[PDB]
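Values reported hereafter were calculated over all heavy atoms of this structure, with side chains retained and with hydrogens, waters and symmetry mates removed. Lettering of chains follows the sequences in order, A, B, ..., and the numbering in each one begins at 1.
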Amino acid sequence: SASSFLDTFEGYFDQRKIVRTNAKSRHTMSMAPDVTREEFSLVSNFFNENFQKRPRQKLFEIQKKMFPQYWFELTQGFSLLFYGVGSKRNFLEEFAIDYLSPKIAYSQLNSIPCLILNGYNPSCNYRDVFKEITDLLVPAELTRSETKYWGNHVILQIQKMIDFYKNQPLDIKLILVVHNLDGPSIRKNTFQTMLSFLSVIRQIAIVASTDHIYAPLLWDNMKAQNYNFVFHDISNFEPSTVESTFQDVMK
Amino acid sequence: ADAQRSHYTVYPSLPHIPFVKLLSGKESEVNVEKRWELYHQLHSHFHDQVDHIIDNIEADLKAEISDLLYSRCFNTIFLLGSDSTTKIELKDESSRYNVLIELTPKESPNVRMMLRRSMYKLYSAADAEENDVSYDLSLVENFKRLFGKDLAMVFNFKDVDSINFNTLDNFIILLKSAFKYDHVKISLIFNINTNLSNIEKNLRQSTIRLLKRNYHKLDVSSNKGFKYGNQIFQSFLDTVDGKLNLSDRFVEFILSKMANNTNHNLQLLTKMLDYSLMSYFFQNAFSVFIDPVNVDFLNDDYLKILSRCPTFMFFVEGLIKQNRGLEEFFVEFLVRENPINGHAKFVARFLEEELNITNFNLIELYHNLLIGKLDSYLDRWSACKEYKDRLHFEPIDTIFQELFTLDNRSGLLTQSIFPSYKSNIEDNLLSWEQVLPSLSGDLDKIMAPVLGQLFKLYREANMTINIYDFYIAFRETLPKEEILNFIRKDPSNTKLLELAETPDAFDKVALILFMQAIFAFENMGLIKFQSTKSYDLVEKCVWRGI
Amino acid sequence: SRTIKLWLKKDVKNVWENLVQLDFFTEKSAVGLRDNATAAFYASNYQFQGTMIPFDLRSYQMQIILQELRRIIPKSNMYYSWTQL
DNA sequence: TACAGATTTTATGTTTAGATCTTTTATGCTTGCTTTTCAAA
DNA sequence: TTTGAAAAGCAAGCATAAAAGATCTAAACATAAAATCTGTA
């Protein structure tokens, strides 16, 4: 850019200048090479499994030494929100399955069940997620007085769960691994209300990930208070092979 | 596959505390255990007091609401700064039935649903205390015939600053028609979070004139007069009194963070206090010496670490200007009271009870006592002029008091609870060698990760970017011969060798690596495609440091 | 300049609401009363953009134009000269 | 076997969440023209 | 101290994105009479 500033509001105002019509290039993808789906996939997995794999493995071995600190934060009622550059899918599965569930199961004497939401899926739906939560936790059904007048039964059920679990012993019964809390269907307000109200309950551990740069805009004071986040930057430059297949790539 | 499902439950097969071994792994496990147990005594002694304080908050809020509520118009109460989480309970007084009707903006899409939900609640409560009805206002008309008792309705409008004010205005005008029925009295409670003047201009002037006939204001924010946060801070002072001390940086950070939160800064205050206690009992190997029973377990590592104390440094430098003995000195010199907390409590109870100075925050009082400016804090009231010599205090800079301190210098509190999220993402993108270690060895040193190179070319480009020109600019930095040597280093994969044999291999590899990074940037929110069916230009959405 | 009390903007709000209620101004592009109960029920479940903005920015249109106002306001009225442009 | 009671089937009403399509209005690019401050004489 | 000239700003025109909302449907929520199952007497 023919600019004097790059960073801050100075760079924002200096790089948004009115470029003339004659200065604009007319280049398109018609002068770009054509690639097929299969060679794209082939070069993709070869670069994902060989370009800087050894520094990524060293860095992943570095971040694994923070797992007891994550467990200690989860025992005090904080929800983990992991952010960074690159995919955090394998990190969240490995921490929540290989480490967190056996440590929690041994610390309170089967392992603790881990429910994994995939928010990179657009078809992640809060009613079916609450159906499996009901299956795992077996809460008491709402009475007729509690149903109100065409009220949302999921939210009223969770409020019943909140003032039931306030008296229970503080033993973690469910681990909730939310991949991509900022994904296209999970970022909507009803799903976020559902998950923050589930984050109120001490007996559920919440491990979440975000990918968008504007993700803290999802949470107001009520939602940030209910979520009770401790933030952790675990940037690894992971390629995100799983999440990339839910968008149309070659277009 | 589980990676392609919306959700799935895992019951993983399995074949004892989260504290680790400090002192470079030469700490004993029993000291780890009593570190854990001491952390739990401090955490429990803090949170029992916090729970009692919170129950007191809701108790006095209920008392003040009931006093303002029961001591031909509405009885209007404006709860200013209310999160609408207060459980209002009405009295049980004979010959009259009192109903609380709670209404939310989600429950209020129009006036008809407002009236139908309110009348269903009215009939449900009146049937639950002691034939179907129509859920409209005539049930209010026929309430004395159907139930034999007078009626007192209290409407609690939850989160008024989210409701449609046209609907609320029409509902209040509709409720005005019940004034002529001689057995009905109506109270309205508005939970306002912005200001009264905002809800004044969103309502009709006749509705304002109706509400003005009998109204009261009740201000209950999270720190109305600082009285409830002072109790939480004082309970934290008492749970670490004679045991830990607060730096002025930590109290300054606490005041700065409570200034940035309006409605929920009590729980935020508790959150940073507990995270600081967690960080100390996870970090410091000397926390076992919080208990004076464990002082006989000293080692050479403990004495080696405690020798690097700046206050002990200045003490021994003054001694030379003017191990067993060091052990006895360390045992003897950690006994004393550190009376800053007792003096802070004395100043607080002197200002609150005697002078009737009630609009003070204990946290800035403690900050000024920490930096030695309690007179410079006290002289803002012009009422304790005669007692400036009375309440004078100077701190005693005791030695190795930073081995037992809560202090904010590493930015661990900033990184964990209030991170610079977008700036951390941009910093990791732009400067990826602070992320990835500097250890296919030839390619990993000569060519950057593709996301970082894409962000470097992204930052120095205009607001509108042609992606063909952007891809050529990305292509000119990559090394051709090293890429072609790296792609041929897998002889088991023959399609890779076949594609590397083509003369247009590097352009295809560059386009593949460019398109993956472009879709990563679009998913992260950095770039925005202009049109749906063009995909030829992008706009930058994100600038670093702003 | 050629003495009428100049009423403040906080007092003209009541006059403005009275003028709206007396069917002198209509909200811009408002449908009004629907033809049937089904369209009225559909309209009752939607929040219109006029009812979510502050009242001083709501767009209105006249039911009576300035030429009609000049036609029916008497010559002796002291605001008569401003019905002309 | 008969039968009172509980559940299912069939059938419809109530309310909220969201999709689609149209119409009118903001807005972004094009192109030509006028003003203005900044890197050399 | 000037210069002048290339960047910045104005403005008409026009294609196009988008706001607003009319119209509608799916889905959650809700009720109910007749039929059918179900455990006993």
Side-chain angles (χ1 to χ4, degrees), chain A residues 1-5 13-26 122-123 125-131 134 141-158 184-194, chain B residues 103-121 123-124 131-136 163-164 166-167 462-466 528-540, chain C residues 26-53 57-61:
Chain A
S1 175
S3 198
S4 180
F5 315 118
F13 294 141
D14 205 66
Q15 277 178 316
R16 297 171 67 99
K17 280 181 1 172
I18 306 174
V19 185
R20 296 282 304 186
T21 302
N22 304 117
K24 295 159 192 199
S25 70
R26 289 291 179 271
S123 304
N125 182 291
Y126 82 97
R127 305 209 164 251
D128 325 307
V129 164
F130 190 58
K131 277 169 201 89
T134 282
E141 183 178 2
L142 306 163
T143 74
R144 214 185 139 82
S145 211
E146 281 146 359
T147 51
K148 316 278 271 313
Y149 197 92
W150 273 261
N152 198 305
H153 284 230
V154 175
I155 306 301
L156 295 173
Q157 190 97 269
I158 291 162
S185 72
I186 167 72
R187 74 180 71 163
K188 301 303 181 63
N189 184 75
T190 302
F191 218 148
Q192 297 281 329
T193 314
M194 204 210 56
Chain B
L103 285 176
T104 76
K106 177 71 86 175
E107 284 181 341
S108 314
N110 45 68
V111 191
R112 183 195 172 257
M113 288 329 281
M114 272 193 104
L115 182 65
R116 282 187 72 80
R117 281 185 170 98
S118 305
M119 286 315 70
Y120 176 72
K121 178 62 172 176
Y123 201 64
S124 306
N131 248 345
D132 302 273
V133 288
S134 170
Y135 290 135
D136 62 83
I163 208 173
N164 207 277
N166 190 49
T167 304
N462 277 236
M463 182 261 321
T464 296
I465 306 173
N466 196 254
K528 163 208 320 147
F529 271 120
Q530 310 303 127
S531 181
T532 317
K533 303 280 111 175
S534 171
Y535 265 43
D536 259 328
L537 291 44
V538 287
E539 265 170 86
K540 319 212 301 208
Chain C
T26 60
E27 206 275 309
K28 167 182 191 36
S29 298
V31 171
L33 200 68
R34 302 302 163 140
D35 301 333
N36 43 354
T38 292
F41 172 77
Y42 290 163
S44 83
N45 289 120
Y46 168 80
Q47 308 276 15
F48 286 82
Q49 285 291 144
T51 89
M52 302 172 71
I53 63 166
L57 307 178
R58 286 187 214 140
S59 280
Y60 288 99
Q61 279 163 328

Enquirer: Let me spell it out: for each of B:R116 and B:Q530, pick the nucleotide of DNA chain D with the closest heavy atom. Which residue's pick is nearer the 5' end?
Expert: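 Upstream on the strand: B:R116.
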Enquirer: Would you mind telling me which residue lines up with the more 5' stretch of DNA chain E, C:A39 or A:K148, judged by nearest nucleotide?
Expert: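 First, find each residue's nearest nucleotide; the 5'-ward one identifies C:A39.
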Enquirer: What pairs of nitrogen or oxygen atoms, one from the protein and one from nucleotides 27-29 of chain E, lie under 3.5 Å apart?
Expert:
| residue | atom | partner | partner atom | Å |
| --- | --- | --- | --- | --- |
| E:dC29 | OP1 | A:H153 | N | 3.1 |
| E:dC29 | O2 | A:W150 | NE1 | 3.3 |

Enquirer: Which sits closer to the 5' end of DNA chain D, A:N22 or C:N45, going by the nucleotide each is nearest to?
Expert: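 This one resolves to C:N45.
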Enquirer: Only counting residues at least two apart or in another chain, list the ones meeting side chain to side chain contact (heavy atoms under 4.5 Å, CB included) with B:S124.
Expert: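 Testing B:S124 for side chain to side chain contact (heavy atoms under 4.5 Å, CB included), a comparison that skips the adjacent residues, returns B:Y120.
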Enquirer: Kindly compute the distance separating CD (A:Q192) from CZ (A:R187), expressed to the nearest 0.5 Å.
Expert: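 Result: 9.5 Å between the selected atoms.
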Enquirer: Using a cut-off of strictly less than 4.0 Å, decide whether A:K17 has a side-chain nitrogen or oxygen near OP1 or OP2 of E:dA7.
Expert: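 No, because none of the side-chain N or O atoms of A:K17 sits under 4.0 Å from OP1 or OP2 of E:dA7.
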Enquirer: Is there a donor in the side chain of A:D14 and an acceptor in the side chain of A:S3, or the other way round, less than 3.5 Å apart?
Expert: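 A:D14 vs A:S3: donor-acceptor pair found between side chains.
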Enquirer: Tell me, please, the opening and closing nucleotides of DNA chain D, 5' to 3', among those with an atom under 4.0 angstrom from a non-hydrogen atom of chain A.
Expert: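 Span of nucleotides near chain A: D:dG13 to D:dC33.
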Enquirer: For A:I18 and C:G50, find the nucleotide of DNA chain E closest to each by heavy atoms; which residue's nucleotide sits nearer the 5' end?
Expert: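 The 5'-side residue here is A:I18.
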Enquirer: Nearest to the A:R144 side chain among E:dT31, E:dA17, E:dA8, which nucleotide is it?
Expert: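 The answer is E:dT31, which lies nearest to the side chain.
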Enquirer: Could you check whether A:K188 gets within reach of a base, just the sugar-phosphate, or nothing at all, counting any heavy atom under 4.0 Å?
Expert: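 Nothing, no heavy atom under 4.0 Å.
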Enquirer: Throw together a table of side-chain donor-acceptor distances under 3.5 angstrom for residues 36-52 of chain C, partners on residues two or more places apart or in other chains.
Expert:
| residue | atom | partner | partner atom | Å |
| --- | --- | --- | --- | --- |
| C:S44 | OG | C:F41 | O | 3.0 |
| C:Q47 | OE1 | B:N164 | ND2 | 2.9 |
| C:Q47 | NE2 | B:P109 | O | 3.4 |
| C:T51 | OG1 | B:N164 | OD1 | 3.2 |
| C:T51 | OG1 | B:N164 | ND2 | 3.3 |
| C:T51 | OG1 | C:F48 | O | 3.2 |

Enquirer: Once you round it to whole Å, what is the distance between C1' of E:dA17 and CG of B:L537?
Expert: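 For the pair B:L537 CG and E:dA17 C1', the rounded distance is 16 Å.
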Enquirer: Distance check needed: E:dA7 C1' versus A:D14 CG, whole Å only.
Expert: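 Atom CG in A:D14 sits about 12 Å away from atom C1' in E:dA7.
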Enquirer: Considering residues at least two apart in sequence or located in another chain, which fulfil the side chain to side chain contact (heavy atoms under 4.5 Å, CB included) criterion with B:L537?
Expert: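 B:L537 satisfies side chain to side chain contact (heavy atoms under 4.5 Å, CB included) with B:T464, B:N466, B:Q530 only.
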Enquirer: Would you indicate whether the side-chain heavy atoms of A:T134 and A:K131 approach each other to under 4.5 Å?
Expert: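 Counting from C-beta outward, A:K131 and A:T134 never come under 4.5 Å.
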Enquirer: What distance separates B:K121 NZ from A:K148 NZ, expressed to the nearest 0.5 Å?
Expert: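 Output value for this atom pair is 8.0 Å.
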Enquirer: Could you measure the distance from the CG atom of B:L103 to the OG1 atom of B:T167? Nearest 0.5 Å is fine.
Expert: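 B:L103 atom CG to B:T167 atom OG1 measures 12.0 Å (nearest 0.5 Å).
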Enquirer: Once you apply a heavy-atom cut-off of 4.0 Å, does A:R16 come out as touching a base, just sugar-phosphate, or nothing?
Expert: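 Nothing: the residue A:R16, judged by heavy atoms under 4.0 Å, touches no strand.
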Enquirer: I want to check one thing: is the phosphate of E:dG21, taken as OP1 and OP2, less than 4.0 Å away from some side-chain N or O of C:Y46?
Expert: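 For E:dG21, OP1 or OP2 has a side-chain N or O of C:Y46 closer than 4.0 Å.
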Enquirer: Would you list the pairs meeting side-chain hydrogen bond (donor to acceptor under 3.5 Å, both in side chains) in which at least one residue belongs to residues 106-119 of chain B, sequence neighbours left out?
Expert: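 Listed once each, the pairs are A:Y149-B:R116.
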Enquirer: Please report the distance, rounded to the nearest Å, between NZ in B:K533 and P in E:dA17.
Expert: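 It is 13 Å, rounded to the nearest whole Å.
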